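Given as structure tokens, the chain that follows is alone and in the form deposited in one PDB entry.
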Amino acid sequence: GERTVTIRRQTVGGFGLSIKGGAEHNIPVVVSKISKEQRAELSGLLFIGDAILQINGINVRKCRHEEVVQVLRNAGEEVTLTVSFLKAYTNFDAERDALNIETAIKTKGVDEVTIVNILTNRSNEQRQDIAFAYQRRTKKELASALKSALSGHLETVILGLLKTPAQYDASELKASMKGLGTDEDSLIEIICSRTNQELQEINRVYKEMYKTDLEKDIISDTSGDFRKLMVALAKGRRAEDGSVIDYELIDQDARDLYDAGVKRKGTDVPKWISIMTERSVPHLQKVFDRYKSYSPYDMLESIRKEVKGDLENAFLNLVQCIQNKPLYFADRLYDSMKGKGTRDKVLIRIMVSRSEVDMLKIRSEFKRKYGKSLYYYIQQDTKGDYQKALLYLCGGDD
């Protein structure tokens, strides 16, 4: 993966980089040291071991060591590099992580660089261990200390990362329904994309956190067939992936979806809800292909023709999640950034919640469809330590 990095001069006469090697050793020049100031101000992710492929649009792939030195010394204050690495934690010490996080928090002005470098490069399980060690050493909960030390969207990312997956989803669900309206897009995204085991844990933790059940909150915030679909999905009782492929049921479900929708006036919505909530995901993938044998429109086209509003939005999201969940998230990521500004709520939630699930597939679907990497879009839309946290959650270019 070719990453793009923008460095800025920190001292008069210096970017803060120790360059290494060159075409003398038949390799491209390589970064060997980055000043802490450069690490804080650069845009992107620059690692020790990145080969420098281009500089301000000039290909320096085949340059000797002193050739790239002259280029950088005669460049301006801001320089753009194209780089590529020359091809959890391994020595995980929760106590050392907790100590370094405390030192970063207690540094005058807060050392966000260190907080991000650690937390976004530990697994959620390791973060829980760090949090336990932190409370012991400091008598403060880690999440409270960081809530006070951080602000803006960086605070949102870091606090999201510190919750268990179930706690994070439950609080995101609660936020989508709190207040006079509903954030249907977020409610749909979570309810349509979580599996049985995730929803079972969400249902349990939601009741512990909020002293009321998710289902009652959904009923109090939604109505009509939109409510029926959300309630059914949230129960998390979809059939598990079987070993036997049920070809007779595949054909019958495809016929039933057709007979309930495009073939008749109006729609038999309970029939759509039953089939699409109860059958396993691999079964429904084959149902949707068999559906095209009977229907002139595929399942997504049929939904747009049959229903509208929240119900339509939900069926469309559900079908995408069934057909190709990594591509579903790649598209939502793209939509969160493509236009003016950023839908940060969505961008953050996906990067936090999928970083340990299927981020490799998301990045692959994203680059295949959109041509540039997810890294690249995050870099154009966000800045600062917040950008850095999302890029680490991304996990590389391409």
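Numbers follow the displayed sequence, beginning with 1. Shifts are known only where both forms have a C-alpha. By rigid core we mean the largest C-alpha set that fits within 1.5 Å across both forms.
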Handout entry: Deposited residues omitted from coordinates between residue 87 and residue 88, as a class
Key = 10 or more
Practice task
Return whichever of 272-280 and 236-244 has the greater mean Cα B factor according to the PDB record.
Solution key: 236-244
Practice task
Mind pulling up the entry and telling me whether 387-395 or 2-10 has the higher mean Cα temperature factor?
Solution key: 2-10
Practice task
Go through 333, 348, 58, 362 one by one and give the residue whose Cα B-factor in the PDB entry is largest.
Solution key: 58
Exercise for the section: Could you say which of 221, 93, 298, 129 has its CA atom at the highest B factor, as listed in the PDB entry? Expected result: 93
Fill in the blank from the handout: Chain thirds by Cα B factor, record data; residue 35 belongs to the highest
Problem - Modelled-residue ranking by C-alpha temperature factor, third containing residue 319 - result: lowest
Fill in the blank from the handout: Of the three thirds of the chain ranked by Cα temperature factor, residue 204 occupies the lowest
Fill in the blank from the handout: Sorting the chain's modelled residues by C-alpha B-factor and splitting them into thirds places residue 64 in the highest
Exercise for the section: For residue 163, return the chain-relative third of its C-alpha B-factor as stated in the PDB record: lowest, middle or highest. Expected result: lowest
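One more form of this protein, deposited in another entry, exists but is not displayed; see below.
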Problem - Which one of 337, 34, 346, 359, by Cα shift of 2 Å or more between the shown form and the other one, core superposed - result: 34
Exercise for the section: Superpose on the rigid core, then tell me if the C-alpha of residue 73 is displaced by 2 angstroms or more between the shown form and the other one. Expected result: yes
Practice task
Superpose the two forms on their rigid core, then report whether the C-alpha of residue 371 is displaced by 2 angstroms or more between the shown form and the other one.
Solution key: no
Handout entry: Rigid-core frame, C-alpha of residue 384, shift of 2 angstroms or more between the shown form and the other one
Key = no
Practice task
Give me the stretches of at least three consecutive residues whose Cα atoms move by 2 Å or more between the shown form and the other one once the core is superposed.
Solution key: 1-87
